[PDB]
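A short write-up of the structure that comes next.
No value in this document is a laboratory result; all are computed from the given coordinates. Cβ coordinates were reconstructed from backbone atoms using ideal geometry, including for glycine residues, and neighbour counts include every protein chain displayed.
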């Protein structure tokens with residue numbers, strides 16, 4: 001029926017002089033907010049990870065990995081550099097039926113600890129957006145998480161559209177294995 005409209009792009013900061021080489025590698029999804037995302041604590045959202053592999057042509061192979069129904073689930077896609085550094089579009093949008101636009105904007109990052117990334121897309125002439133708080137570890141400070149909430153709210157999202165996924169090991173942590181807790 002209804003979706004919160006996407007915010008104007010002037011309300012979404014862009015990371016100055018984005019460094020594509022330094023953004024590469026594995027990020028954990030510590031916070032996740034969107035107009036089509038609903039926090040649901042009774043069957044809680046598990047953490048997933050996203051690996052940004054920088055190709056020689058400066059696009060990223062982006063692999064999200066999630067533990068879902070006793071298997072690893074993936075969303076592999078390509079981010080092709082967009083209109084400004086730190087912006088991207090989806091590789092072959094034609095392969096996604098009904099998708100008329102896809103935008104990625106890196107909002108803020110220090111590269112070695114945290115990042116915030118904004119995503120906006122139009123599918124079946126309906127406008128979606130999400131914001132992701134990434135960490136190089138599965139935990140970030142309360143200050144970063146409160147900043148994320150403040151930012152997400154400034155983009156028009158109520159609190160029930162903001163998720164802090166629960167840390168897990170399966171699929172996302174490639175050297176944790178299975179052991180009794182220390």
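Points to keep in mind about this one:
- Residues 43, 173, arranged from fewest to most other Cβ atoms within 10 angstrom of their Cβ, appear as 43, 173.
- The fewest-to-most ranking of 179, 161 by surrounding Cβ atoms within 10 Å reads 179, 161.
- Subtracting the Cα-Cα distance of residue 42 and residue 160 from 0.36 nm times their residue separation leaves 41.2 nm of extension gain.
- Three-way shape call for the chain based on the alpha-carbon gyration tensor, with the a/c threshold at 1.5: rounded
- Two-site FRET efficiency, residue 11 against residue 57, from Cβ-Cβ distance with R₀ of 41 Å, rounded to 0.05: 0.85
- Placing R0 at 35 angstrom, the Cβ-Cβ distance between residue 95 and residue 142 gives a FRET efficiency of 0.30 after rounding to 0.05.
- Ellipticity estimate at 222 nm from DSSP helix runs (n ≥ 4, -39,500 (n - 2.57)) divided over the chain, nearest 500: -2500 deg cm²/dmol
- In terms of surrounding Cβ atoms within a 10 Å radius of their Cβ, 96, 134 rank from fewest to most as 96, 134.
- Of 100, 63, 89, the one that fluctuates the most in a GNM where the chain has Cα springs shorter than 10 Å: 100
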